[PDB]
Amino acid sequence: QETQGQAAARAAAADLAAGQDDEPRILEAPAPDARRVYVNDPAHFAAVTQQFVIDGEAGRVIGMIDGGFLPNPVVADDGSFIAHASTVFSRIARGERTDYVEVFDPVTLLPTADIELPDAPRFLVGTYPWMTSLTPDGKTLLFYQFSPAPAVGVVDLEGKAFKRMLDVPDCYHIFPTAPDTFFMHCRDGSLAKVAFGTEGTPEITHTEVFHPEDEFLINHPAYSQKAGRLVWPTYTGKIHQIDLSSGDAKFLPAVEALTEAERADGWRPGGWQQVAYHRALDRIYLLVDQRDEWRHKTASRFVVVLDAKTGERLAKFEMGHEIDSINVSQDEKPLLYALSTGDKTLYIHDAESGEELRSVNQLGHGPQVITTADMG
């Protein structure tokens, strides 16, 4: 029953009573572990923003990181560093723009690298976790550039230098598969494989077109780098699962998140990170509610969970809150994190049952993106 503030009051009262001395100092965050969760607050397009580091187990804020305009957070699956691509301006929201990558020690949260990105090349967009991405080797960071044309930037986190821009066709999102390759999704409905040498036009391969012109795939597909599973919902809950381990795209059978019936009574996915994917459990979680066709960014009060292999509904949770974003710890017995932009609160749920265990409120201004490491 005892809250963290209450236990803290008692330990403090006891140190006083016992005359215990202690040095006021800078704490180290607890080592990164499976239950650590990161909430990025893009702050409704504010020029500066915050990332909260949260111990999902205690539901405690264990640290914070400041970012610039619409920063792209990345979290190394192995827990050895976090980074973000961020954007600042010499006068708040105006003047010279600096895009840069910063890499942080995940216990002291000190920046360990600060890497300028030439020619202001970040794509400035509501936060899509897969617009900037770590290579499996953690040595490279790839970021998408929209203007003047789709392109992908290569950042060497090891030599701490920007390398170059890759010229790509008309495509979007970045899913690294290897130290020199990543997939993107194209306008003609294929995925493009991009293999980049050290130099030259990367070599670019298109898959087959895998969805009609009038089929719409969401901005926030779940991608599990370690499983190589690209999980991609459409507006209707049709989920394209793409296996990307093997270095080429095997298209997995397409699946439906809602029942053909349910979509008749207006059940649709909606929110921000509408989908979570648990690697070892091989499960999809999807934020859903009853909504008009064109309310696809609104909060959802329900989550459905379905086997990634069969597509069978494994659960339906009434979340008890307006949830915009979901994610899950990738440990065994995962937490299902359910971020409400409106309440600014991370509701931390048991992913198996859907019981609300705890929550951390006061998470910025309009928190949107939940990131977790995949440590196992």
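Residue indices: 1-based, along the sequence shown. Throughout, rigid core stands for the largest set of C-alpha atoms superposing within 1.5 Å between the two forms.
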With everything overlaid on the rigid core, name the stretch, 107-115 or 193-201, whose CA atoms wander farther on average in 8 other deposited structures of this protein.
193-201
Determine, for stretches 324-332 and 43-51, which one has the higher mean CA B-factor as deposited.
324-332
Average Cα temperature factor in the PDB entry - higher stretch of 231-239, 149-157:
231-239
From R97, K250, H84, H173, residue of greatest CA B-factor:
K250
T201, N219, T298, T140, ranked by C-alpha B-factor: the highest one
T201
Based on the deposited C-alpha B factors for this chain, I'd like to know if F196 is in the lowest, middle or highest third.
highest
Going by the recorded CA B-factors, say which third of the chain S80 sits in, lowest, middle or highest.
middle
Which third of the chain holds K309 when residues are ordered by C-alpha B factor: lowest, middle or highest?
highest
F210 - which third its CA temperature factor falls in, relative to the rest of the chain:
highest
With respect to C-alpha B-factor, does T259 fall in the lowest, middle or highest third of the chain as deposited?
highest
